[PDB]
Amino acid sequence: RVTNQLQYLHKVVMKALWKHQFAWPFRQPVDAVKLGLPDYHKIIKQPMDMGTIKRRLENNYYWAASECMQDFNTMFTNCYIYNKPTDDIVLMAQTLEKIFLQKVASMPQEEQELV
Amino acid sequence: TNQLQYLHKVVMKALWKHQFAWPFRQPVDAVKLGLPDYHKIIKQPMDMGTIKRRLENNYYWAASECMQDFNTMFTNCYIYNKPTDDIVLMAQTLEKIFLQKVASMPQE
Ligand SMILES: CCc1onc(C)c1-c1ccccc1
Ligand SMILES: CCc1onc(C)c1-c1ccccc1
């Protein structure tokens with residue numbers, strides 16, 4: 001569907017996060033071969049990234065805004081679970097997620113489809 | 001505010017009573033749990049008891065500020081614990097409810 005909330009997530013949330021200076025590691029799936037992480041998919045069972053979320057928003061994949069929000073959440077949570085506390089990537093994730101939450105605070109309150 | 005009232009009476013109430021919520025209702029007690037490295041790794045402790053008290057005492061100026069505290073609580077859990085620890089699954093479950101409920105908060 002196309003809803004007011006999903007439009008907000010696309011036009012405000014994804015817009016802000018996609019172009020952020022710390023976004024680059026999150027713009028495509030974690031490539032375990034490229035990064036040399038043979039345990040990544042053993043630990044992270046549901047990979048998620050902003051390229052996938054962006055494509056899903058562009059293709060009207062989501063039925064509800066909550067579904068998109070859960071994908072954002074999974075992406076960040078995967079990062080915190082896999083990486084060491086002191087890794088820079090954790091700081092980058094935290095910075096992006098703070099923006100996510102700040103913007104989500106102003107999202108339309110009721111979901112409804114555009115005719 | 002309208003949003004802070006919602007975070008207190010709708011969001012926090014639902015999370016608080018959940019069967020996986022008990023570890024999160026008060027600060028992590030590193031002494032009781034025997035974890036000398038907890039406060040060396042987690043520099044901003046947060047829990048729902050602290051958030052609830054802040055809501056009750058009008059500490060927050062905006063809903064976003066309160067939401068950030070919820071996020072810090074969950075993130076601390078993911079950062080400190082092993083991926084396979086049950087507490088991680090408990091946090092994930094509560095976090096999903098948090099986002100579900102936040103989606104329906106008044107927009108202002
Ligand atoms: C295992 C490292 C890692 O964990 N989460 C992300 C994102 C990354 C990442 C880091 C650098 C480039 C691309 C992804
Ligand atoms: C260090 C373990 C831990 O990490 N986050 C929480 C919450 C807990 C916790 C686990 C059991 C009881 C109380 C808190």
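To find a chain, count down the sequence lines: A is the first, B the second, and so on, and within it residues start at 1. When a ligand or atom number is given, it counts from 1 through the structure's own listing order.
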- Examine the proximity of ligand 2 to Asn76(B) and report which part, side chain or backbone, both or neither, has a heavy atom under 4.0 Å away. neither
- Task: Could you list the atoms of ligand 2 found under 4.0 angstrom from a heavy atom of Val28(B)?
- Result: 5 (N), 6 (C)
- Out of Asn83(A), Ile43(A), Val30(A), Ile44(A), which one pairs with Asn78(A) under the side chain to side chain contact (heavy atoms under 4.5 Å, CB included) rule? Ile44(A)
- Task: Could you verify whether a donor N or O on one side chain and an acceptor N or O on the other, from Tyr8(A) and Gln107(B), lie under 3.5 Å apart?
- Result: no
- Query: Do the side chain of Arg27(A) and the main chain of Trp18(A) share a donor and acceptor less than 3.5 angstrom apart?
  - Reply: yes
- Give the atoms of ligand 2, by number and element, whose distance to some non-hydrogen atom of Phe24(B) is under 4.0 Å. 7 (C)
- Message: Parallel, tilted or perpendicular, judged at 30° and 60°: which one describes the rings of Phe22(A) and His20(A)?
- Response: tilted
- Query: Applying a 4.0 Å heavy-atom criterion (strictly less than), which segment of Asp49(A) is in contact with ligand 1: side chain, backbone, both, or neither?
  - Reply: neither
- Query: Can you tell me if CG on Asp39(A) sees more than 12 non-hydrogen neighbours from other groups inside 6.0 Å?
  - Reply: yes
- Is a donor on one side and an acceptor on the other found under 3.5 Å between the side chain of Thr75(B) and the backbone of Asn71(B)? yes
- Query: To which protein heavy atom is atom 11 (C) of ligand 2 closest, and what is the distance rounded to 0.1 Å?
  - Reply: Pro23(B) CB, 4.2 Å
- Is there a donor-acceptor pair closer than 3.5 Å between any side-chain N or O of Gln28(A) and the backbone N or O of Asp49(A)? no
- Message: I need the contact type for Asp31(A) against ligand 1. Using non-hydrogen atoms and a strict under-4.0 Å cut-off, is it side chain, backbone, both or neither?
- Response: neither
- Have a look at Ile89(A), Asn83(A), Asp39(A) and point out the one with the heavy atom closest to atom 2 (C) of ligand 1. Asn83(A)
- Item | Distance filter under 4.0 Å to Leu35(B) heavy atoms, resulting ligand 2 atoms | 1 (C)
- Which of the numbered atoms in ligand 2 are below 4.0 angstrom from a heavy atom of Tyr80(B)? 1 (C)
